[PDB]
>>> print(open('model.cif').read())   # mmCIF, N, CA and C atoms
data_work
loop_
_atom_site.label_atom_id
_atom_site.label_comp_id
_atom_site.auth_asym_id
_atom_site.auth_seq_id
_atom_site.Cartn_x
_atom_site.Cartn_y
_atom_site.Cartn_z
N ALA I 2 -14.22 14.65 -31.79
CA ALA I 2 -12.84 15.09 -32.17
C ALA I 2 -11.88 15.00 -30.99
N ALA I 3 -10.59 15.19 -31.25
CA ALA I 3 -9.55 15.11 -30.22
C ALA I 3 -9.54 16.28 -29.25
N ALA I 4 -9.20 15.99 -27.99
CA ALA I 4 -9.13 16.98 -26.93
C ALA I 4 -8.20 18.12 -27.31
N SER I 5 -8.45 19.31 -26.79
CA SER I 5 -7.59 20.44 -27.07
C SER I 5 -6.33 20.23 -26.23
N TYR I 6 -5.37 21.13 -26.37
CA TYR I 6 -4.14 21.04 -25.61
C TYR I 6 -4.46 21.25 -24.12
N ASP I 7 -5.43 22.11 -23.84
CA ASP I 7 -5.82 22.39 -22.46
C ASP I 7 -6.61 21.27 -21.81
N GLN I 8 -7.42 20.57 -22.59
CA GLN I 8 -8.19 19.47 -22.05
C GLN I 8 -7.24 18.34 -21.67
N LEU I 9 -6.21 18.15 -22.48
CA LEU I 9 -5.23 17.10 -22.19
C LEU I 9 -4.50 17.46 -20.92
N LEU I 10 -4.12 18.72 -20.81
CA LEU I 10 -3.40 19.15 -19.64
C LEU I 10 -4.21 18.82 -18.41
N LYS I 11 -5.51 19.00 -18.48
CA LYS I 11 -6.35 18.68 -17.33
C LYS I 11 -6.36 17.17 -17.06
N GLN I 12 -6.35 16.37 -18.11
CA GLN I 12 -6.36 14.92 -17.93
C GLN I 12 -5.08 14.51 -17.22
N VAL I 13 -3.96 15.07 -17.68
CA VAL I 13 -2.66 14.75 -17.11
C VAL I 13 -2.62 15.10 -15.63
N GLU I 14 -3.15 16.27 -15.28
CA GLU I 14 -3.17 16.68 -13.89
C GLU I 14 -3.94 15.69 -13.01
N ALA I 15 -5.10 15.25 -13.47
CA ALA I 15 -5.91 14.32 -12.70
C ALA I 15 -5.27 12.93 -12.70
N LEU I 16 -4.66 12.56 -13.82
CA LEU I 16 -4.01 11.25 -13.92
C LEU I 16 -2.82 11.15 -12.97
N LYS I 17 -2.02 12.21 -12.91
CA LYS I 17 -0.86 12.27 -12.03
C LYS I 17 -1.29 12.18 -10.56
N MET I 18 -2.39 12.83 -10.22
CA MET I 18 -2.79 12.80 -8.82
C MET I 18 -3.28 11.40 -8.49
N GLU I 19 -4.06 10.84 -9.40
CA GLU I 19 -4.56 9.50 -9.22
C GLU I 19 -3.36 8.56 -9.07
N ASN I 20 -2.38 8.67 -9.97
CA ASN I 20 -1.19 7.83 -9.88
C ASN I 20 -0.51 8.00 -8.55
N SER I 21 -0.44 9.23 -8.04
CA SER I 21 0.19 9.44 -6.74
C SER I 21 -0.62 8.77 -5.63
N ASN I 22 -1.95 8.81 -5.76
CA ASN I 22 -2.79 8.21 -4.73
C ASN I 22 -2.72 6.68 -4.76
N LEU I 23 -2.71 6.10 -5.97
CA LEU I 23 -2.61 4.66 -6.10
C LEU I 23 -1.30 4.18 -5.45
N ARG I 24 -0.19 4.87 -5.70
CA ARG I 24 1.10 4.50 -5.09
C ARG I 24 1.02 4.56 -3.57
N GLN I 25 0.36 5.59 -3.05
CA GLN I 25 0.20 5.74 -1.61
C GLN I 25 -0.55 4.52 -1.06
N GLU I 26 -1.59 4.11 -1.77
CA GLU I 26 -2.40 2.97 -1.35
C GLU I 26 -1.61 1.68 -1.33
N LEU I 27 -0.88 1.42 -2.41
CA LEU I 27 -0.09 0.20 -2.52
C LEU I 27 0.95 0.18 -1.41
N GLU I 28 1.53 1.34 -1.15
CA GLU I 28 2.54 1.52 -0.13
C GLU I 28 1.93 1.20 1.24
N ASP I 29 0.73 1.72 1.47
CA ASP I 29 -0.01 1.52 2.72
C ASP I 29 -0.27 0.03 2.90
N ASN I 30 -0.89 -0.55 1.89
CA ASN I 30 -1.25 -1.94 1.91
C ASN I 30 -0.08 -2.88 1.94
N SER I 31 1.01 -2.49 1.30
CA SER I 31 2.18 -3.33 1.30
C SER I 31 2.69 -3.35 2.74
N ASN I 32 2.75 -2.20 3.40
CA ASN I 32 3.21 -2.13 4.79
C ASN I 32 2.26 -2.92 5.71
N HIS I 33 0.97 -2.85 5.40
CA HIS I 33 -0.03 -3.57 6.18
C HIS I 33 0.18 -5.10 6.08
N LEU I 34 0.54 -5.60 4.90
CA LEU I 34 0.76 -7.04 4.74
C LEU I 34 1.93 -7.43 5.63
N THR I 35 3.00 -6.65 5.54
CA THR I 35 4.18 -6.89 6.34
C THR I 35 3.91 -6.89 7.84
N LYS I 36 3.11 -5.93 8.30
CA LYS I 36 2.79 -5.88 9.72
C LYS I 36 1.90 -7.07 10.11
N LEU I 37 1.09 -7.55 9.18
CA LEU I 37 0.24 -8.70 9.50
C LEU I 37 1.09 -9.96 9.66
N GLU I 38 2.07 -10.11 8.79
CA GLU I 38 2.93 -11.28 8.85
C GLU I 38 3.75 -11.25 10.13
N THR I 39 4.26 -10.08 10.48
CA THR I 39 5.04 -9.94 11.70
C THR I 39 4.17 -10.38 12.87
N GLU I 40 2.93 -9.89 12.92
CA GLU I 40 2.04 -10.27 14.02
C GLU I 40 1.79 -11.78 14.05
N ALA I 41 1.59 -12.38 12.89
CA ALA I 41 1.33 -13.81 12.84
C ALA I 41 2.54 -14.57 13.35
N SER I 42 3.73 -14.15 12.93
CA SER I 42 4.96 -14.80 13.35
C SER I 42 5.30 -14.66 14.83
N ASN I 43 5.04 -13.47 15.38
CA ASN I 43 5.33 -13.26 16.79
C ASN I 43 4.45 -14.24 17.54
N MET I 44 3.25 -14.46 17.03
CA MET I 44 2.34 -15.39 17.66
C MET I 44 2.94 -16.80 17.59
N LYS I 45 3.37 -17.19 16.40
CA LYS I 45 3.96 -18.52 16.21
C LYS I 45 5.14 -18.70 17.17
N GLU I 46 5.96 -17.66 17.29
CA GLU I 46 7.12 -17.70 18.15
C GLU I 46 6.81 -17.79 19.64
N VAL I 47 5.83 -17.04 20.13
CA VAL I 47 5.53 -17.10 21.56
C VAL I 47 4.82 -18.40 21.87
N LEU I 48 4.18 -18.96 20.85
CA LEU I 48 3.49 -20.23 21.02
C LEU I 48 4.52 -21.32 21.28
N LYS I 49 5.63 -21.30 20.54
CA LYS I 49 6.68 -22.30 20.73
C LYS I 49 7.21 -22.28 22.15
N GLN I 50 7.77 -21.15 22.55
CA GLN I 50 8.33 -21.03 23.89
C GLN I 50 7.36 -21.31 25.04
N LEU I 51 6.06 -21.34 24.76
CA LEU I 51 5.08 -21.63 25.80
C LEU I 51 4.86 -23.11 25.86
N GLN I 52 4.82 -23.74 24.68
CA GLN I 52 4.63 -25.18 24.61
C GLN I 52 5.88 -25.81 25.23
N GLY I 53 7.01 -25.08 25.18
CA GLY I 53 8.24 -25.56 25.80
C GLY I 53 7.71 -25.98 27.17
N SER I 54 7.32 -24.97 27.95
CA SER I 54 6.62 -25.14 29.24
C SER I 54 7.04 -25.02 30.72
N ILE I 55 7.88 -25.91 31.24
CA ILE I 55 8.18 -25.83 32.66
C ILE I 55 9.65 -25.78 33.06
#
>>> encode(input="model.cif", output="structure tokens")
Amino acid sequence: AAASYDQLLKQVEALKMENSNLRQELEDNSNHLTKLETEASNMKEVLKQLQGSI
């Protein structure tokens, strides 16, 4: 049979926390992608000015 009103309330509480955690993760990982690209690019950039050379 269907969950009681209280059982649903518990599902919602756990679902909301999970949703908050998933957002935190995506946010973390999204920032991590950005920092990885920045690092790759700084490398590309310092590589150019070095190949320049003398």
>>> atom_distance(input="model.cif", atom1="CA of residue 35 (chain I)", atom2="CA of residue 16 (chain I)")
28.4 Å
>>> atom_distance(input="model.cif", atom1="atom N of residue 44 (chain I)", atom2="CA of residue 32 (chain I)")
17.4 Å
>>> atom_distance(input="model.cif", atom1="CA of residue 17 (chain I)", atom2="atom N of residue 37 (chain I)")
29.1 Å
>>> axis_aligned_box(input="model.cif", around="region 23-37 of chain I", padding_each_side="8 Å", output="lines of an AutoDock Vina configuration file")
center_x = 0.7
center_y = -1.9
center_z = 2.0
size_x = 22.9
size_y = 32.1
size_z = 32.2
